[PDB]
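This report refers to the structure that appears directly beneath it.
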Amino acid sequence: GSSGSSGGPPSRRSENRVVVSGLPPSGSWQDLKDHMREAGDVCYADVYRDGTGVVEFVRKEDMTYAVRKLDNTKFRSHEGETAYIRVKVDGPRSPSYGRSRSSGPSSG
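Quick note: the sequence shown uses this note's numbering, first residue 3, plus one each step.
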């Protein structure tokens, strides 16, 4: 247990939700989801008016794959506008660790 904080978003008990960034001002969920399909099948789609979005792949397989192949690619909206978007597995970013006290024994 590397500590944790809750009390806001419902995100819990899940494990197939990725975050989308770099979305165009005309890009809509309806379209965004059409781009995540490449991975497999979409279960949930939603975009915000901040160039960001979120997709939930019914099969974790499609998720891990999307973040590999469908990550940092040029996404095109139904309007014909293109824009590079980034995809990643929702959750804690960057690895965690610590010690508090310097560790340096004699022998190895």
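Positions of the beta carbon are idealized from the N, C-alpha and C atoms, including for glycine.
Local conformation of residue i per DSSP, three classes
i: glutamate 58; result: strand
i: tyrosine 46; result: strand
i: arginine 78; result: strand
i: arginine 103; result: coil
i: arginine 39; result: helix
i: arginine 19; result: strand
Nearest to residue i (by Cα), restricted to the options the options
i: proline 11; options: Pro107, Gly93, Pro97 and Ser109; result: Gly93
i: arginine 39; options: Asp52, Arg14 and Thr66; result: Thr66
i: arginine 19; options: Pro107, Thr75 and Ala68; result: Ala68
i: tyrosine 86; options: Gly3, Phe59 and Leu72; result: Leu72
i: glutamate 83; options: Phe59, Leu25, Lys62 and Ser8; result: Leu25
i: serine 16; options: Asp52, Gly9, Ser5 and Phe59; result: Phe59
Nearest-angstrom Cβ-Cβ length linking residue i and residue j, presumed shorter than 8 angstroms
i: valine 22; j: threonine 54; result: 6 angstroms
i: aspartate 43; j: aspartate 64; result: 6 angstroms
i: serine 13; j: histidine 80; result: Contact doesn't hold; Cβ gap of about 28 angstroms is too wide.
Beta bridge counterpart(s) of residue i as assigned by DSSP
i: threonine 84; result: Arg78
Are at least three pairs of beta-carbons, each pair with one atom in the region 91–104 and one in the region 22–37, less than 8 angstroms apart?
-> no
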